[PDB]
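To start, the structure itself, in structure tokens.
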Amino acid sequence: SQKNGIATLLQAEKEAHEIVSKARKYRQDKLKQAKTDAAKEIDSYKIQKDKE
Amino acid sequence: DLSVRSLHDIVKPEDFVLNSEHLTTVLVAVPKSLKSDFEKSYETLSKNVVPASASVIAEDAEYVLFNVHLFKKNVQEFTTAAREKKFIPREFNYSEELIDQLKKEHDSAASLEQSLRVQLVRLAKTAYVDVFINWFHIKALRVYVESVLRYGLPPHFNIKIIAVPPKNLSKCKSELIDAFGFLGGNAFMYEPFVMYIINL
Amino acid sequence: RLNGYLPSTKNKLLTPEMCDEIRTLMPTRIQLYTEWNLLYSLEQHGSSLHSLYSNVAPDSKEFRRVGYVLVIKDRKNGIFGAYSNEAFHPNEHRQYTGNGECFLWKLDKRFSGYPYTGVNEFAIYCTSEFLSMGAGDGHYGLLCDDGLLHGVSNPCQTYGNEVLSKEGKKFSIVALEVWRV
Amino acid sequence: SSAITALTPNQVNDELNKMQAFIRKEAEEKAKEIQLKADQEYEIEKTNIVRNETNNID
């Protein structure tokens, strides 16, 4: 029989889909986090300059 | 044979591997005697070939149709190795409809072999009419020009047709030339005077 | 035993029954291959005679045995026309360019015809100002203006035809189509 | 015999395991590359935007 070896292959494909989703989501979250980090850094610099 | 010919109604999707990018299944035809040998040698024709996959799909009077589950890349390698091994793998695809289109093509062939035959009949008969008319017109012009060349000023030619059915065409030609060769001239008895044949 | 057309989304075209009926009378070897082509029309090609002549290019190299059919509707829906074997285009006044096998007709839901006769060969004519069919004593058998607005039809020796138009002596045009076969 | 097998019945599963293993390995490799690019972007566009902002606001 060959079906015995297709369930595991389907599970491998499913976890491949899950890990690509995870990787893309992590990339997007890192983009958002970098934008927020730059925003707060420029906020700090701006408050410094305007207080000066 | 079933394997070489279309397997439109023979093989079913379960014999294949669907919606899996890295896995597939081919259709194999095994000769009468090479059942066990191939069954113990089908996995060795390519790498990443899912072992323990042999399964009977169909058979004919000289072959038994098997199948092998293997990767997309290995299909070509297995097929070429089998072909060089005096072994014929089957050919098919997951059309899901080829059965009906192929029979419809056969029916269209059956309809056209009737229709085109009649149309060819009609065009051929009208051609045999008009082309033949032009053929007689051309020969009429031929006789006119030949009479003009060989004879003198005014047209008073007696253009006649004589048909000699039984095996007496050359004899009639001889009768005409010998009895009327002088018409073209004493030293011009090539034919003496104008005369032409229609091999109908 | 069937015919096809090639118009393009306009108000009025010709009917398939009419073409099936007319198919009866024309030289053989032409009725056999039956795929009619709309070479020119009045609706989607303007209303200029020059446009008509330009559209109908005497392109006979592919098939010099091609029938040309002109169908015209008079003022009061009286349909009629004629069949020609040569493309229409202005020529030198030397001679009428026309084979002695053309004919006229008065069609309707009641077909008729007037095959060419050997009495003469008149008014198979084509010029930049008019395009008329067989004639003789009295005006032409068929006539269309340079402007495609009025027409004249009368009996002629070239065809011995009757009067085709509902308004016999003269009339006006309301729609014209031309077909190539 | 309902099982046309020329070898032992568990080498099928061993090759199965190797197959899913390389699938997992390639998945991990692509995921790690995605993570690395997501890390380096984190810094490069952050630096670009903070630099140009700081400059114009200065």
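We name chains A, B, ... following the order of the structure tokens; residues begin at 1 in each chain, and ligands are numbered from 1 as shown.
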
Give the residues of chain A that lie within 12 Å of chain B; count only C-alpha atoms, and format the answer as a compact mmCIF listing (two decimals) with N, CA and C atoms, in the first residue's frame.
# COMPACT_ATOMS: atom_id res chain seq x y z
N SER A 1 0.83 -1.20 0.00
CA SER A 1 0.00 0.00 0.00
C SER A 1 0.86 1.25 0.00
N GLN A 2 0.32 2.34 -0.55
CA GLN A 2 1.03 3.61 -0.63
C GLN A 2 0.37 4.73 0.16
N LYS A 3 -0.93 4.62 0.48
CA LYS A 3 -1.59 5.67 1.24
C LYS A 3 -0.93 5.87 2.60
N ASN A 4 -0.34 4.81 3.16
CA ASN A 4 0.30 4.93 4.47
C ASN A 4 1.35 6.02 4.48
N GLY A 5 2.01 6.26 3.36
CA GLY A 5 3.04 7.27 3.25
C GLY A 5 2.59 8.60 2.70
N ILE A 6 1.30 8.79 2.48
CA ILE A 6 0.81 10.07 1.96
C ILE A 6 0.31 10.98 3.07
N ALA A 7 -0.20 10.42 4.17
CA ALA A 7 -0.64 11.25 5.28
C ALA A 7 0.52 12.05 5.86
N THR A 8 1.68 11.41 6.04
CA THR A 8 2.84 12.10 6.57
C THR A 8 3.34 13.17 5.60
N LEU A 9 3.29 12.90 4.30
CA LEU A 9 3.69 13.91 3.32
C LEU A 9 2.74 15.10 3.35
N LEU A 10 1.44 14.84 3.49
CA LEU A 10 0.48 15.93 3.62
C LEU A 10 0.75 16.74 4.88
N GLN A 11 1.08 16.07 5.98
CA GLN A 11 1.41 16.80 7.21
C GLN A 11 2.68 17.63 7.03
N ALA A 12 3.67 17.09 6.32
CA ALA A 12 4.88 17.86 6.04
C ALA A 12 4.56 19.09 5.21
N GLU A 13 3.70 18.95 4.20
CA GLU A 13 3.30 20.10 3.41
C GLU A 13 2.53 21.11 4.26
N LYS A 14 1.68 20.62 5.17
CA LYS A 14 0.92 21.52 6.03
C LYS A 14 1.84 22.31 6.95
N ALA A 16 4.94 22.95 6.31
CA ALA A 16 5.63 23.89 5.42
C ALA A 16 4.79 25.15 5.22

Considering only C-alpha atoms, tabulate each residue of range 135-156 of chain C that lies at most 8 Å from range 44-56 of chain C along with its nearest interatomic pair and the corresponding distance in Å to one decimal; arrange the rows by chain and ascending residue number and present them as CSV.
residue,atom,partner,partner_atom,distance
C:146,CA,C:49,CA,5.8
C:147,CA,C:48,CA,6.2
C:148,CA,C:49,CA,6.7

Saved selection, atoms kept: C-alpha atoms, as a short mmCIF file (atom, residue, chain, number, x, y, z; two decimals), in the first residue's frame:
data_model
loop_
_atom_site.label_atom_id
_atom_site.label_comp_id
_atom_site.auth_asym_id
_atom_site.auth_seq_id
_atom_site.Cartn_x
_atom_site.Cartn_y
_atom_site.Cartn_z
CA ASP C 146 -23.69 59.74 -56.72
CA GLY C 147 -25.17 60.65 -53.33
CA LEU C 148 -27.17 57.44 -52.83
#

Check: Could you list, as number ranges by chain, every residue of chain B that has an atom within 9 Å of an atom of chain C, counting only C-alpha atoms?
Finding: B: 119, 122-123, 126-127

Checklist line | Proximal residues of chain A relative to chain D (only C-alpha atoms; 8 Å) as a VMD selection string | finding: chain A and resid 1 5 8 to 9 12 16 19 to 20 23 to 24 26 to 28 30 to 31 33 to 35 37 to 39 41 to 42 45 to 46 49

Can you spit out the residues from that selection as a short mmCIF file (atom, residue, chain, number, x, y, z; two decimals), in the first residue's frame, using N, CA and C atoms?
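Listing of part_3.cif after writing:
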data_model
loop_
_atom_site.label_atom_id
_atom_site.label_comp_id
_atom_site.auth_asym_id
_atom_site.auth_seq_id
_atom_site.Cartn_x
_atom_site.Cartn_y
_atom_site.Cartn_z
N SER A 1 0.83 -1.20 0.00
CA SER A 1 0.00 0.00 0.00
C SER A 1 0.86 1.25 0.00
N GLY A 5 2.01 6.26 3.36
CA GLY A 5 3.04 7.27 3.25
C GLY A 5 2.59 8.60 2.70
N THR A 8 1.68 11.41 6.04
CA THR A 8 2.84 12.10 6.57
C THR A 8 3.34 13.17 5.60
N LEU A 9 3.29 12.90 4.30
CA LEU A 9 3.69 13.91 3.32
C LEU A 9 2.74 15.10 3.35
N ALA A 12 3.67 17.09 6.32
CA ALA A 12 4.88 17.86 6.04
C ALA A 12 4.56 19.09 5.21
N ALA A 16 4.94 22.95 6.31
CA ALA A 16 5.63 23.89 5.42
C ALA A 16 4.79 25.15 5.22
N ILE A 19 4.94 27.17 8.44
CA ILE A 19 6.20 27.86 8.69
C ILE A 19 6.40 29.01 7.71
N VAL A 20 5.93 28.89 6.46
CA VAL A 20 5.99 30.06 5.58
C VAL A 20 5.11 31.17 6.12
N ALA A 23 6.96 32.75 8.94
CA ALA A 23 8.10 33.55 8.50
C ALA A 23 7.64 34.89 7.94
N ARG A 24 6.62 34.88 7.08
CA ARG A 24 6.12 36.13 6.52
C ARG A 24 5.51 37.01 7.61
N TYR A 26 6.34 37.05 10.78
CA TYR A 26 7.44 37.58 11.57
C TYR A 26 8.14 38.71 10.82
N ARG A 27 8.31 38.57 9.51
CA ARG A 27 8.92 39.64 8.73
C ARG A 27 8.09 40.91 8.81
N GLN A 28 6.77 40.78 8.62
CA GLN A 28 5.90 41.95 8.69
C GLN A 28 5.92 42.57 10.09
N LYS A 30 8.36 42.42 12.24
CA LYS A 30 9.65 43.08 12.38
C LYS A 30 9.65 44.43 11.67
N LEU A 31 9.03 44.50 10.49
CA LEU A 31 8.90 45.78 9.81
C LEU A 31 8.15 46.79 10.68
N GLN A 33 7.69 46.74 13.91
CA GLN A 33 8.46 47.03 15.11
C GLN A 33 9.60 48.00 14.82
N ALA A 34 10.27 47.82 13.68
CA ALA A 34 11.33 48.75 13.30
C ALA A 34 10.77 50.15 13.08
N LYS A 35 9.61 50.24 12.41
CA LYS A 35 8.99 51.54 12.21
C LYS A 35 8.67 52.19 13.55
N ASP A 37 10.07 51.58 16.47
CA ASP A 37 11.32 51.91 17.15
C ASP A 37 11.90 53.21 16.62
N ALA A 38 11.92 53.37 15.30
CA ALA A 38 12.40 54.61 14.71
C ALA A 38 11.52 55.78 15.13
N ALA A 39 10.20 55.56 15.19
CA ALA A 39 9.29 56.62 15.60
C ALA A 39 9.60 57.08 17.02
N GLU A 41 12.46 56.68 18.67
CA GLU A 41 13.78 57.30 18.70
C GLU A 41 13.72 58.74 18.21
N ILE A 42 13.00 58.99 17.12
CA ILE A 42 12.89 60.36 16.63
C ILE A 42 12.05 61.19 17.60
N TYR A 45 14.60 62.23 20.15
CA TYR A 45 15.47 63.26 19.61
C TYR A 45 14.73 64.59 19.50
N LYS A 46 13.47 64.55 19.07
CA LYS A 46 12.68 65.77 18.91
C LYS A 46 12.42 66.44 20.25
N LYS A 49 15.64 68.13 21.26
CA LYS A 49 15.91 69.36 20.52
C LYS A 49 14.97 70.48 20.94
#

Checklist line | All helix (DSSP H, G or I) positions in chain D, as JSON, numbers by chain | finding: {"D": [11, 12, 13, 14, 15, 16, 17, 18, 19, 20, 21, 22, 23, 24, 25, 26, 27, 28, 29, 30, 31, 32, 33, 34, 35, 36, 37, 38, 39, 40, 41, 42, 43, 44, 45, 46, 47, 48, 49, 50, 51, 52, 53, 54, 55, 56, 57]}

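Those residues that approach range 62-64 of chain C to within 9 Å, counting only C-alpha atoms, are residues 59, 60, 66, 67, 85 and 86 of chain C; same-chain residues fewer than 2 positions away are not listed.
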
Notebook entry, point to check: Just how far from CA of residue 29 in chain B is CA of residue 76 in chain B, in Å to one decimal?
Noted result: 15.3 Å

Next item on the list: Enumerate the residues of chain B with a DSSP assignment of strand (DSSP E), computed from the backbone, and present them as an MDAnalysis selection string.
Entry: chainID B and resid 24:31 55:59 63:70 88:89

Notebook entry, point to check: In terms of the shortest atom-to-atom distance over only C-alpha atoms, which of C:38, C:166, C:117, C:175 is closest to residue 11 in chain C?
Noted result: C:175

Margin query: Residues near residue 75 in chain C, anyone? I mean within 8 Å using only C-alpha atoms, not counting same-chain ones fewer than 5 positions away, as an NGL selection string.
Written below: :C and (166-167 or 171-174)

Margin query: For residue 141 in chain C, find every residue with an atom within 6 Å (counting only C-alpha atoms), except residues of its own chain fewer than 3 positions away, and show them as number ranges by chain.
Written below: C: 133-135, 153-156

Notebook entry, point to check: By how many Å are CA of residue 160 in chain B and CA of residue 128 in chain B apart?
Noted result: 24.0 Å

Next item on the list: Pick out the residues sitting within 12 Å of residue 121 in chain C, and hand them over as a PyMOL selection string; count only C-alpha atoms, and ignore anything fewer than 4 positions along from it in its own chain.
Entry: chain C and resi 95-102+116-117+125+133-136+156-160

Next item on the list: Figure out the distance between CA of residue 112 in chain B and CA of residue 130 in chain B, please, to one decimal in Å.
Entry: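 Distance between the two atoms: 26.3 Å.
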
Check: What lies within 12 Å of range 17-27 of chain C using only C-alpha atoms, ignoring chain neighbours under 5 positions off, as a PyMOL selection string?
Finding: (chain B and resi 126+130) or (chain C and resi 1-5+32-37+65-71+79-85+99-116+179-181)
